[PDB]
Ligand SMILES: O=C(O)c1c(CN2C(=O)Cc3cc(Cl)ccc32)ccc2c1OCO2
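One chain comes next, on its own, written out as structure tokens in the form solved without the named molecule.
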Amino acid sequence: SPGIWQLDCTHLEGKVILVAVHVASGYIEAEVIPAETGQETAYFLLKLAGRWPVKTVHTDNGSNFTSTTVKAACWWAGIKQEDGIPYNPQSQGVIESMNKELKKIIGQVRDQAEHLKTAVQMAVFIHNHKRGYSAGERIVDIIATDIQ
């Protein structure tokens, strides 16, 4: 479980928000992209895997699962690509709830940021810092425990 991440793609203001969730902790990383292509997803995963020990990724849809560029990035970074099928159906609800929460935070920071990308990063910050421990605290503890 310490190396398991889930991809999540949500939409806002005619733009695409790509999210990676560390399943065990609820910690996230996110980016705004023009559209969800294999290339954008692949680049996002390369960034993620350089920053955290990503062992397995549950991909968000079949197009990214199939993408040769995504497969290339997973090979390069030592990531096992898996499907994101919610065999446990409560999975979908948790993700949907997070997307709602994230959009809510984004709305709350609109007097502060001119650009959506900035608001998304503010939302990442607030999500990861929210307290009981925070998601940021949980991911560090989970990984540290795993190293030692």
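The first residue of the sequence shown is number 1, and the count goes up from there. Basically, rigid core = biggest C-alpha set you can superpose within 1.5 Å across the two forms.
When the other structures are laid on the shown form by the rigid core, the stretch among 104-112 and 40-48 with the greater C-alpha deviation in 4 other deposited structures of this protein turns out to be 104-112. Where coordinates are absent for parts of the deposited sequence, a chain break appears; between neighbours residue 11 and residue 12 there is no such break. Averaged over Cα atoms, the B-factor as recorded in the entry is higher for 84-92 than for the other of 84-92 and 100-108. When the two stretches 41-49 and 28-36 are set side by side, the higher mean Cα temperature factor goes to 28-36.
In this PDB entry, the Cα temperature factor of residue 113 sits in the top third of its chain's modelled residues, the highest group. In the deposited entry, the Cα temperature factor of residue 7 sits in the bottom third of values across the chain's modelled residues.
The entry lists a Cα temperature factor for residue 129 that places it in the middle third of the chain's modelled residues.
Quick note: we don't show the form deposited with the named molecule bound, though the next part is all about it.
Take the named molecule as it sits in the entry with it bound, overlay the site C-alphas onto this chain, and none of its atoms lands within 2.4 Å of the backbone or a C-beta, so the site here is open. Proximity of residue 86 to the named molecule in the entry with it bound: non-hydrogen atoms within 4.5 Å are absent; the residue sits far from the partner.
In the entry with it bound, the named molecule sits within 4.5 Å of a heavy atom belonging to residue 101. Along 17-40, a non-hydrogen atom within 4.5 Å of the named molecule in the entry with it bound is carried by 21, 23, 25, 26, 28, in order along the sequence.
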